[PDB]
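Okay, here we've got a single chain as structure tokens, the form deposited in one PDB entry, with questions on binding and movement later.
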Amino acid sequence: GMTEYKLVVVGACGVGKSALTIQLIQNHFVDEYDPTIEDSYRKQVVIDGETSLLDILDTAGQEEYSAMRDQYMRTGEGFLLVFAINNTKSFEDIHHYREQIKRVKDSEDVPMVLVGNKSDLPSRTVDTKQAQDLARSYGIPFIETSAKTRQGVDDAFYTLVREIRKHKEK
């Protein structure tokens, strides 16, 4: 079959994981998406001339560490680490999401992209430089997005695919 990429969107409640996912899948902004709905969406795309199937898991529900979740998360090939630029705690939480990915993958080299969402909002509390420095320390890209306007959304997911390709070449 055609190439597939298993992508996982992670980050604290309310950062815009679901809004980002629906923007990628359906090309419009959803104001309300139930925080208890965790689901995956597949979409056929062409990136750098390669046709692939993106299988995107939008994580949700509760903070719990079920066996299903670990196994589930283990199958992820790349991860979007999403915070919101107006929520400092969500940015501080990124360390947790990175470590948990590192724990379940048993690897220091997992495709990830740091995503600073809600870039449309004026009430910024997390400096772009701060995010850039963190991303550089992790050795990963940083992309600013707005699920509201769709700024950076394709770039975020497509950049993650490119990171997966880089990983697969090694």
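When you see a residue number, it is the position in the sequence shown, counting from 1. The term rigid core refers to the most C-alpha atoms you can superpose between the two forms while keeping them within 1.5 Å. Residues that one form lacks are left out of the comparison.
The mean Cα B-factor in the deposited entry runs higher for 129-137 than for the other of 112-120 and 129-137. Checked against the record, the higher mean CA B factor of 52-60 and 101-109 lies with 101-109. Among the modelled residues of its chain, residue 73 has a C-alpha B-factor that falls in the highest third according to the deposited record. For residue 144, the recorded CA B-factor ranks within the middle third of the chain. Only modelled residues enter the ranking. Residue 39 sits in the lowest third of its chain by CA B factor, as recorded in the PDB entry.
One more form of this protein exists, namely the form deposited in another entry; it is left out here, but the text below deals with it.
Looking at 66, 27, 130, 107 after a core superposition between this form and the one not shown, you find that only 66 has a C-alpha shift of 2 Å or more. The Cα-Cα distance between residue 25 and residue 33 is lengthened by 3 Å or more in that other deposited form relative to the form shown here. Compared with the form shown here, the C-alpha atoms of residue 44 and residue 33 sit at least 3 Å farther apart in that other deposited form.
Regions that shift between this form and the one not shown, defined as runs of three or more consecutive residues whose CA atoms all move by 2 angstroms or more after core superposition, comprise 30-34, 61-69, 71-73.
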